[PDB]
């Protein structure tokens, strides 16, 4: 991913975009009952905390495009992966504007809370002003489509979330590249059925975990994995992606019956962006707020891992590559051990910064004891070991609970944390409930007891 140019939006007929300069995050009722070292990410260039140019820091994620074409390995990876997906019978039909808007089996309705992007975010129009769950009115959308078309600029927003102290001082705030509602609707129409197929088939055949339910899914994973596990995390995956990777992606779409709309993928690749008063163009890089981002990111990852394997271990049997990805996050396995550090090396030649899974200092052996996927661990239940607990560290949970965006969602927010936490064991969960109930707000919430959660879990399978 690399920025080709950037200049004043007025210089090209575009309005300056307004983005709140104030975080919605504020200390919560539990701010002092729990330990935490994260603060609301920098949202503006002014933020007193800064220690380097904001503007520069945020965009540095666009490290450049390391590769130019789709080499032999990438092509073989394309063939093999496209091969597996072929065994899914993925319906190649377009998705009717209705289902694409209010959802259907295997796909949720568009999210009404998130932006609507240009031009609507500059005309003042909002999402609830275009559709409604009970009506399922295509007409209003339809008109806007005919009126403004597709391929509309991406409105870039700085993401309002918690970040480490360093990532604050280095203005390393993450960006949300929101795509116009039109575009999103189009893409959901073109790739609607693909999305469903994936959401409904998390596993090693899609090599995707998107739309999965950790409480149930963690138990199917080990069965799917091969003997030896390997993993690593990417540094700025999305932005590092070169145009070649998008092509490989189209080659895959093409082979599975979507050669039809591979055009849409071009839009994610060669991007048109609006950030404040400035406008820029990006060659490569996956936009963060786009319909399919998650899935396409995962499909590309299936291609990447296959590529570095064919390139490094000639003769390797991909049919025994068992991997599951979720965007940049991946968990893989092979009958034989492989050198992650070595694969990481080939990664650079392909423009990817891969590192020891979980900020390790070095690439060590990956085991069921130390492997994590989605920040979660795998831990067999003491009473019925054949059931696996997805275990999120408490530190993460402690961090999230010390803050709040909307006081009216404290019930839902804490409840959620509880659904993650209890897997850390009953003793641990109770200490958590205890502290929560050590202040008025907590004591007022409706939280599930350990035994309630654990039983409900046992029956869920």
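Residue numbers count along the first chain shown, from 1.
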Handout entry: Greater mean Cα temperature factor according to the PDB record, 264-272 or 115-123
Key = 115-123
Exercise for the section: Could you settle it for me: does 396-404 or 50-58 have the higher average Cα B factor in the PDB entry? Expected result: 50-58
Fill in the blank from the handout: When the entry's CA B-factors for 129, 329, 160, 247 are compared, the highest one belongs to 129
Practice task
Kindly indicate the residue among 368, 363, 373, 350 with the greatest C-alpha B-factor in the PDB record.
Solution key: 363
Practice task
Can you work out whether the C-alpha temperature factor of residue 453 puts it in the lowest, middle or highest third of the chain?
Solution key: middle
Handout entry: CA B-factor ranking of residue 320, expressed as a third of its chain
Key = lowest
Practice task
Name the third of the chain's ranked CA B-factors that contains residue 149, choosing lowest, middle or highest.
Solution key: highest
Problem - Ranked against its chain, the third holding the CA B-factor of residue 255 - result: middle
Practice task
Determine, from the deposited record, the chain-internal third of the Cα B-factor for residue 68: lowest, middle or highest.
Solution key: highest
